[PDB]
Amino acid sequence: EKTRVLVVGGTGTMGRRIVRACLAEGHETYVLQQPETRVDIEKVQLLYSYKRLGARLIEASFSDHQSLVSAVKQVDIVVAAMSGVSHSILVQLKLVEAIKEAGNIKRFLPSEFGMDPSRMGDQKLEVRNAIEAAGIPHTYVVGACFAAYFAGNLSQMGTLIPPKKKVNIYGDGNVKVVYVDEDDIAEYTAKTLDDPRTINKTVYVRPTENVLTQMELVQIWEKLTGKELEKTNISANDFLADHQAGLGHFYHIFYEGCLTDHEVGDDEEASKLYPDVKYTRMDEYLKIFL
């Protein structure tokens, strides 16, 4: 009676949530167990902790193409969530080749969860374009910044915890960004992967109240701690260099506004499509850091 899902990349940051949210939804959840890459003990107990919650384990190497055929034949829906910081993401081309040979897949949701690649501001679109080629029903989940990577640090780089003294502001901090608890991404991805309204579509994850400028997120923190931070404005060029952990990414989100420039309809916005998901406002999210 269920939609059996296979979560590729089930032990990663975004992946492990999706496993969990799938199960919560009520899904016969499936995770891919890959030919071990060393003595990695976080990854192994993470893996086996899923079968206590209901999940099953499938064996597959990306080197072994028919292993991936065996994997995808046992499931109704694949969702991927592999590294993308990019030859990691392109492993998804092999997964597509196997899903195409199998043909029992009802929908395939690749690794997106963020900056729409279809615009101009990676090799994700390369992956979109293979899915559509083989004609695999799909759903693109895009449009949010990860709360752990962008809100908790007040968008500051090289760190993941609130600053205590001084905060860099890109531009005026009046570009509007979309900060979202990765837990809610997964829930949307889990509610959306079998919805009839979002098949073959792009799903935008723009919870309204978490549409915020930087300096507004910074005034959510300052109002929490009760201390004004020492703010330093940074203009475009003074931000352009010619390297550091992804700057071409920041710049488009925080200077160009590529995430909030085009508005979107209720028929394609996670919070509107799934109003029962009481997602998390950054005034609650930042609370763990006080």
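So that the term is clear: the rigid core is the largest set of C-alpha atoms that superpose within 1.5 Å between two forms. For every residue, the number given is its place in the sequence shown, counted from 1.
Taking the rigid core as the alignment reference, the C-alpha atoms of 122 to 130 lie farther on average from the displayed form in 6 other deposited structures of this protein than those of the other stretch among 162 to 170 and 122 to 130. Core superposition of the other structures onto this form places the C-alphas of 36 to 44 farther off in 6 other deposited structures of this protein than those of the other stretch among 259 to 267 and 36 to 44. Compared with other entries of the same protein, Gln214 falls outside the group left without coordinates by a third of them; all model it where both flanks are modelled. Where the other entries of this protein model the residues before and after it, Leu193 is kept in all of them rather than dropped from a third. Counting the unmodelled positions of the deposited sequence between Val85 and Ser86 gives a small gap of 1 to 3 residues. Gap check for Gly121 to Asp122: 10 or more deposited residues are absent from the model.
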